[PDB]
Every structure is written in C-alpha cells, then in structure tokens.
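> let me see the structure of the following:
(8 chains, ligands or ions: 12)
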Amino acid sequence: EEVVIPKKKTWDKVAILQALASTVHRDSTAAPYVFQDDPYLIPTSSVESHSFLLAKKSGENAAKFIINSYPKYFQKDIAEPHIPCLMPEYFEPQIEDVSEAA
Amino acid sequence: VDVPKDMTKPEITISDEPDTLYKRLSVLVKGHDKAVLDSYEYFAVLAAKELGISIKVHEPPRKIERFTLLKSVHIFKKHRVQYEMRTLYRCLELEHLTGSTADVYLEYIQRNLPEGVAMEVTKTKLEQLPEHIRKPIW
Amino acid sequence: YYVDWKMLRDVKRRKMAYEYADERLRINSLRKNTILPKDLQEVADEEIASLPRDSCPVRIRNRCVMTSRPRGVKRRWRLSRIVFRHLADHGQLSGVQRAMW
Amino acid sequence: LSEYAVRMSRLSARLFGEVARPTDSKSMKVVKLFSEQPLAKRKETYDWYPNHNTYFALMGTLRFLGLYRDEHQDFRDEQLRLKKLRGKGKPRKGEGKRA
Amino acid sequence: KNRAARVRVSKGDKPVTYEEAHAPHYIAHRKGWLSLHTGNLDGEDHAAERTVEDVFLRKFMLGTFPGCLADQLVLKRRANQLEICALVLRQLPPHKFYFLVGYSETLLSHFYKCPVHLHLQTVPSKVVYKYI
Amino acid sequence: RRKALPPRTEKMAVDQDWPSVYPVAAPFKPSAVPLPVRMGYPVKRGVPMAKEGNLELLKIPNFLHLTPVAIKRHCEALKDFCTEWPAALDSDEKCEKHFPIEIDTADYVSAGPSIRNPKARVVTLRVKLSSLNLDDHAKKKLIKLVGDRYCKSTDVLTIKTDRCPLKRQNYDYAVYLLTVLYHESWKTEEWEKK
Amino acid sequence: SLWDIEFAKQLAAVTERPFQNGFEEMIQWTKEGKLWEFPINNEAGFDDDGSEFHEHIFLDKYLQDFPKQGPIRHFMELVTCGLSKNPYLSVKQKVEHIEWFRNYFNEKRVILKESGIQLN
RNA sequence: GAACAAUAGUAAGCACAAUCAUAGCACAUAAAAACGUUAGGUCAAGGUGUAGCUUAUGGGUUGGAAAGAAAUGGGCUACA
Ligand SMILES: [Mg+2]
Ligand SMILES: [Mg+2]
Ligand SMILES: [Mg+2]
Ligand SMILES: [Mg+2]
Ligand SMILES: [Mg+2]
Ligand SMILES: [Mg+2]
Ligand SMILES: [Mg+2]
Ligand SMILES: [Mg+2]
Ligand SMILES: [Mg+2]
Ligand SMILES: [Mg+2]
Ligand SMILES: [Mg+2]
Ligand SMILES: [Mg+2]
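Numbers count the residues shown, from 1 in each chain, chains lettered A, B, ... in the order given. Ligands and ions are numbered 1, 2, ... in the order given. This is the structure:
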C-alpha cells in the first residue's frame, strides 16, 4: 500500500546519442568534420573541398578493392559481435555446374 | 546568429513493465595515473549532482605489481632491471537507483570514459520475493 | 614466412592439439577413474598411444611472438625478456615503468 | 559423524548439483576434466602465435601494389643486386654440387 | 653503461626530439607512454593482442608515411574504437594526404574488425627540444 | 606550392560556446585550441615547449569535451530519460522489509574488439532469513543444508552461482536454488527422526 | 524484387551525407553495428541458442540408455556433474560428449561382458 | 690558460648536483652516472656487412645424448 514502483522508459540504442547531439549546434569558425582539422589540410576553395573528399573516397575505394581482391587476408575475426559490414565481399558464384543455381 | 530550430527530436516511450530497482551501484574505475582519475571523479560527481543521485566517493588502496628481468642479453645475472606497474582505484557509490536512471547515468559515464582507464560496475538489483515463496505449502 | 622453422613446427603442434583436444579429453576420462574395470583401461591406453605424437598438449612450447625465443618469455605479453624491454623503454607499453622504491 | 549428517550432506549435494554418492579423490579428477575447458582448447593456447604468414603476405602485396614501402626489404634487394653485380649470386638448384 | 632507448650525445649539433632526449627511466616522471589501453591493468586480460596490434600499427604506418613522419605515434584505445594520432612533416600534398588517410581508415578497420580514427598534425619540421 | 594557413585562434570569439567545437573526444588538435599551454620539462635557459608539435599534450587524454558547462547542457537533455526514485524507500530499513532479496550483478568494460569477460557470468544472491516464513524445524534444517553459505552474525544466506554460461541463466538458476532450498526445508523424511 | 532495391538505393543516396559531427559519426556507426551497444553488456550478441539453466544443469534425461545400477551410472554422473558446472561448453556440445560415450560403450561389447559385470 | 686585497680567461651543451619514486617532511635506499679503456661478452634474443652451402652446412620422423678415475666454485643440512 506504501511501496511505489515507477514504470520503465524504453528508448532506442541511438535515441540518447541523438539527444546528446541535439545539445551541440554547428560551430562558426570550424571546418566540416569530414576534412582534417589541421590547417595545412583544411580546404581553401570549393574546388579544393570537393577534390579532398574525392581523393579520400578514392583511397577508401582502393582499400576496399584490395580487401575484395584478397579476402584471405581478412578472414580471421577478432571482434566478438562479428560485425558483417567489415567482412570482404565475394564476387564469384558458388555453383557453376547447375544451370538453375548458377 | 544562425541557430537551427527544432533540433530536439527524441523517441521516449513509457512501457507498462515495472521499472527495475537497484539498491547500490558501485563503480570501480582503475587506471595508471592519478590526475586522470581525479578529473574523471570530478566529472562524474558534477554529472551526478545535477541528476540528484547523492554520489559517494572514496579511494581504494592502490596495487603495485613489480617484476625483475635480466639487464644484459647473453650473460649478466648480477645486474637486473626492475619494472613496475601501478594501478590506482577510484570508487563511486550510488544509492537508491532505478533501472532507467542507472541506464541514463551509465550512458553519460561510459561514452566519455578515458582510454587509459577501465571500469567495473556492480549492481544490487532489488526484488521483493519470487512467486513460489510468497506463501507455499510444498 | 614465420620467424623460425621451430615456430612453424610449434604452430602446427598447437593446431594438432586443438584438433585432438576433445578426443584426448574423452580418452583420459576413461583412464583417470577407478570405477571402470581395468580391462578397458588398457585398451584406452592403446588407443591414446595410437594417436599422433603431435596431438598431446605436452609438446607445445611458449616461444616469443616476435623473435621465437624458447626461454626468457613472459606469459602475459607472450614476448621475450629482451623484446619486452625494447618495447617498454620506448614508452610503447602503457603502465610499464622502471621500478624505483 | 552420524547417519543424519550423512543424509543431510547427501541431500545438500543432490540439491546443489554436486556428486551424490561418495567417491574417491583419484576418481574425482574426471569431474574437473569436464568442469573446466582443456588446455588445448583455451584461447590463450590455441591462439598464441598470430598468423605471421598473413601479415607477411599482406605487407608484400601492398609493397608490390605501391602502398607500403618496406625499408628492410628494399635494403635486402639493394644488397642482393650489388652482390649479383659483383659476381657472387644465387646458384641454380641442381648444379651447385655437381656442376 | 645503459644504452636502452638512449641516443648518444654527439659533438653538440644533432637535433633530438623531446621523447628521444629523455631516458627510459624518466617514463611516467617527465614523459608519458606512447600508447594507452586497459590491457596493462591489474585484473584485466588480453594484453599480448594489444601489444602485437600496436607494433603492427607502428611498422605499417612507418612504411605508409615514409620520410614524412616526425615522431612516434600515439595509439589510444577507448571503447572498441582505436584512435591513431601522428605528427607528419608537410612534405606531401594534402591531395595525397587525404588519399592515404582514407586508405588507412578502411584498411586498418577491415583488418582488425574494429573502428579506427586517424588524426594527423602537420609540422613544418621536426620539433627540436635540446641542442640542435 | 606550399600553403600555411593560420589556425582558428585568431577567429575564435571570446564568448563563443566551447562544446560546439569539442562535442566528443578529440585528439587535442592545437589549431582548434585557443589556449596557449606549455607542457614538458623546461630547459635550464629555456621554457616548456608550446602547444604546437608537442607530443606530451597529445599523449594525455583531454577533457575539453567535458567542461562543466557542457556537462550541464548534456544533463539537461538527459533529465528526460530518467525516472524518479520513489520516496517510500528513503531509508534502508523499509527497503529490507519491502524487497528482502538482493541480486549482486557484475559488469565490466575494457578497451578492445572483444566483449566477453568470464567474470560477467557471476551472479550473487543475498536473502535475509529474518524475512521468510521458516518455522523452527525448517530453519534448523535449512541452516545445515546450506552450511557455510549462511552466516550467524548477520543471518544472511548467500548463493554464489557460476555454472551457467549466461548471466540470465545464472540468475534463473539462483532463483531455482532459492526455491528448492525453501521448499525442501519443510519436507521431513524418515531419516530425520533418528 | 530488383526494382525495390533500385528505388531504395536512390533514397539511400539522398539520405547519406558527409558527417558534420562526431555525434553523428557515432550514431551511424552504432546503427551499423561498429560501435558497442551502450550500456555495454558482456553478453551482447551471444544467446547460447536461447537455452536456459535447465538445459545445462539437468542432464540426467540423457542417461536413459545406460544401465541404472551398474558402474556406468557411477561413472557418468561425474561427467554430467562436470558438464553442468562447465560454462565454456554449450548444451549441444555436451550432447556430443554423452553420445560419444554411448557409442563407445555400446561398441566395446566384448570387454564389458568379459569384465564379469553385466552391462547394457 | 689559475692567484678573490685576483696575475687571461669567457664558455652553449653533456656529466655532477637538484628534482623525481619508496604517497607528509629530513635521512636512507632506489634510480641515474657523460666522454672513453679493456678489439671485454653476445652472429645462438632479433636483423645484419664480408666470405661460404642449394638432391645440402637446407627441411621432416624415430631412437639415443651415458657414466664418474679425479679436482674445484656457490648454496642447504648439521656436527648439538
Ligand atoms: Mg632467424
Ligand atoms: Mg659550460
Ligand atoms: Mg618525497
Ligand atoms: Mg638526498
Ligand atoms: Mg644503483
Ligand atoms: Mg643525480
Ligand atoms: Mg674479444
Ligand atoms: Mg667470446
Ligand atoms: Mg644470425
Ligand atoms: Mg658462432
Ligand atoms: Mg662438486
Ligand atoms: Mg651465483
């Protein structure tokens, strides 16, 4: 009659992180987060800003190309949750003789 | 002057399930240096006082693990090199916690945990009695 | 390649021990007991002797990861006493410092 | 030691999941054989040595592709080139002893 | 004479860094550790894996950025994400620097099955602490 | 072509908010830090090195993203997620009589790709025998059934379960152990009369 | 359907943008699965095939195909007790050990008969 | 290359010292101890310049690597 049990609140795994993000707005004298904060790497013009992002994406794609071309160098998994996003992707079909499965 | 509007878009729902109750929450943070632990303790108590948790803080005794190795490469045992590993502990005690309050506190605690320290969390879950012990006769 | 032919043999020994771990455990369960009659214990001993030599966990040697030094290694870091000092004196290992007391 | 205490201990072991009937210490070893993981199955044992072949192959492939620059291998190649130019190279297999 | 992690004094004209100018017995007294992780605590485990990952990162980054690296890297391990801080001489164009950092951020992540952050600080030259 | 860009220090406003530039943990980039800080052992005729190119400042973990203003701003948004602790259990005396069962659960966090910790499966159960419906014979039988797991000075029964792989399985097994220990303490068999 | 994926990738291209804050970086990585689920639990991602404590502690239901009064029960109760207290093995893995014992005992029939004690 | 009631000595720097650690000082200990001497020890922690092996000085399996005529160094046990 005196014991009071409150109810629980269920939220998404990223809802609290979005609540944290809502507190901080965009800075005035700060470069966008994707570019390196070092002044020697801070872009000066719009063409330089586009070129730096394009070069970084080209390096990311080149690394992914090596990862896909040599899967055996990344087959060993150390992370317990087994995140599949970082696993190499296979371009070869599994079955070749069976027409239906090929 | 360019402040965005309507930036707060949370998704909070109140489930009908009773909230979990906790008696005592012990947080033992272990590290190598003392300045990092002191700053972390100040941050934790400042965060807890705003939420109204009445945090208790005390410093458990440190532990120093020492070992000895050969100084030279091939043959010199009279001369040795001794290495030391210090481990300092800080204990934060929380009392009268709820399931959601503990979760939201640990969210702001663990996300900002320093790289050079680790944390052990002990929870005293509160329950009244199981269903088979209320008033049974075999 | 690996550091040494000895390390290349040791990793094969560890792989074989991992492969034959369960079978050896099951056989030893039949040898380390007194409830079972002694007639089948001799057959179990023959079966465990018929196993490949590199299957027993007694052949593994805890060598250094970097230099494969058979002795003078620490189990916590799996490194020899010299590589450990070389890495610690550069400050590359957290919490490790010269003992002064 | 009484029959009542023996029965109490036997029932306590049964309810706690321990060994019910009395058994000898030498036969108790089989209990520990299964209660704990074997040495050969431990992660600190079967994953002691990292796969040096993977690291070496990946680094060599990156060096050949043009991403990693291995000073040690470059020095080895330079010394081998200089030795071969001097005149003492690697003999062909099958002719070192006979030819 | 002690010779571990000790640069011998020349006639008085060689440039040395702050980390190099301090003997290993000054660790935790005047200079800190180059890497931070929880594996070297008292009741923790998985220290050899962290050490081998750290040394592989050192050797990989040395070849990844040849001749432009100023000093030793800083490897911070904080909640499953690994931060790598480096000081690099401004010898390479930013176009190539962004290519290299984008390559590494994905290669190391896919190799160690964990998120990584890479931060570079450009310096005009190596910072001199003692006599130069 | 070489370019040298001045840092943000000349552009930082005096009253500009700090958490906007350091929202999360950062490697302490000197270009975005307007505070001139000298760290390092000074020379006999020199001064400690400045923030530019100083490895000492980069080695240490920076708390620039955890200033008190940022902490207050963050906790103002986090106040919406927590629930209010009931005031009916201000003192532990009422908590003992309302929720006599105590479940000690251990949680660990460590930096690295792995999450499994063998000490996470440990769940401890603490029950005060003064809050149960045990009779004299039931209490006397239960004390001897549990043995050393129950103390006389404090009169608190403790259950230490680690057999189950999962923490939830260990908790369920502890509850089952408590249930069977309570139930079988009331059954009197034929060997009790001797 | 291929057209559903074709329309979904167009939506994904518009929704995807370069990160402006580390908070957004962490949100996206957490949703993808790279970041740990806070608050961190050492059992996240592992469910042990959804088994409970009664699939681990209680294994006497697998000893039906054994002599009840013979030494086989005395031997197997110890291995069942060990498996129950073993947290490193799964319920299916213990089934393999007990089935291997069943197969071995039922295969070695001459020795158990010659031992002088009747066994099944 | 020096005379303090001063006669050619200024001197960055490395050493010494100070500081640091043995959770308060002081002491003590610990730590540190430059340039060089002993072509001192270590190709067998690891890589290595030079000179030598490639159906072998390379790579694998099995079985053996004793024993004490004798001398000596360092420790434990005692001779009460
Ligand atoms: Mg070698
Ligand atoms: Mg001078
Ligand atoms: Mg003192
Ligand atoms: Mg003194
Ligand atoms: Mg000394
Ligand atoms: Mg001194
Ligand atoms: Mg000599
Ligand atoms: Mg010699
Ligand atoms: Mg050699
Ligand atoms: Mg030799
Ligand atoms: Mg002798
Ligand atoms: Mg001696």
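> the chain: strands as residue ranges?
Defaulting to chain A. For chain A, the strands defined by DSSP state E cover A:7-11.
> show me which residues of it sit near chain B.
Residues of chain A found near chain B (Cβ under 8 Å from any Cβ of the partner chain) are A:5-12, A:15-20, A:22, A:25-26. C-beta here means a position set from N, CA and C on the backbone, and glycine is covered the same way.
> can we see that at 10 Å?
A:3, A:5-12, A:14-26, A:28 (Cβ under 10 Å from any Cβ of the partner chain).
> for chain F, tell me which of the residues you listed show up nearby.
Counting by Cβ under 10 Å from any Cβ, A:3, A:5-9, A:11, A:15-16, A:18-26, A:28 from the residues of chain A next to chain B sit close to chain F.
> can the top helix by length along chain F be found next to chain A?
Under DSSP state H, the helix in chain F containing the largest number of residues is helix F:167-184. No: Helix F:167-184 lies out of reach of chain A by Cβ under 10 Å from any Cβ, never closer than 15.1 Å.
> and that helix, what's buried?
In terms of neighbour count (16 or more other Cβ atoms under 10 Å in any protein chain shown), helix F:167-184 has its buried residues at F:167, F:169-178, F:181-182, F:184.
> what does stretch F:89-106 give?
F:89, F:95, F:99, F:100, F:101, F:102, F:103, F:104, F:105, F:106.
> OK, contacts around the nearest residue to the fifth one once chain neighbours are set aside?
Pointing back at residue F:101 there. Leaving out its chain neighbours, the residue that sits closest to residue F:101 by Cβ to Cβ, 6 or more residues apart in numbering or on different chains is residue B:127, at 4.2 Å. Contacts for residue B:127 (Cβ atoms under 10 Å, 6 or more residues apart in numbering or on different chains) come out as B:20, B:21, F:99, F:100, F:101, F:102, F:103, F:125, F:127, F:175.
> take the residues you listed and keep only those in helices.
Judged by DSSP H, the subset of the contacts of residue B:127 located in helices is residue F:175.
> farthest-apart pair in the contacts of residue B:127, please.
B:20 and F:127 (18.2 Å; Cβ to Cβ).
> excluding its backbone neighbours, what's nearest whichever residue of chain G sits closest to chain C?
Residue of chain G nearest chain C, by Cβ to the nearest Cβ: residue G:115 (4.1 Å). Distances taken as Cβ to Cβ, 6+ apart place residue C:37 nearest to residue G:115, at 4.1 Å, with adjacent residues excluded.
> try residue B:25
Spatial nearest neighbour of residue B:25, excluding adjacent residues (Cβ to Cβ, 6+ apart): residue B:94 at 4.0 Å.
> now the one you found, what's its secondary structure?
Classification of residue B:94 by DSSP: H, G, I helix; E, B strand; the rest coil places it in strand.
> burial count for it?
Residue B:94 has 23 neighbours, counted by other Cβ atoms under 10 Å in any protein chain shown.
> stretch A:25-32 close to chain E?
No: looking at stretch A:25-32 against chain E by Cβ under 10 Å from any Cβ, there are no contacts, and the closest approach is 12.5 Å.
> how about the residues of chain B near chain C?
Neighbours of chain C within chain B, by Cβ under 10 Å from any Cβ: B:31-33, B:64-73, B:80-87, B:115-116.
> repeat the analysis, applying 8 Å as the threshold.
So far as Cβ under 8 Å from any Cβ goes, chain B lies against chain C at B:32, B:66-67, B:69-70, B:73, B:81-87, B:116.
> most neighbours among these, which one is it?
residue B:116 (27 neighbours).
> residues contacting the top helix by length along chain G, please?
Secondary structure of chain G per DSSP H: the longest helix is helix G:91-107. With contact meaning Cβ atoms under 8 Å, 6 or more residues apart in numbering or on different chains, helix G:91-107 is reached by C:22, C:26, D:34, G:48-49, G:51, G:55-56, G:59, G:62-63, G:65-66, G:72, G:76, G:79-80, G:83, G:86, G:112, G:119.
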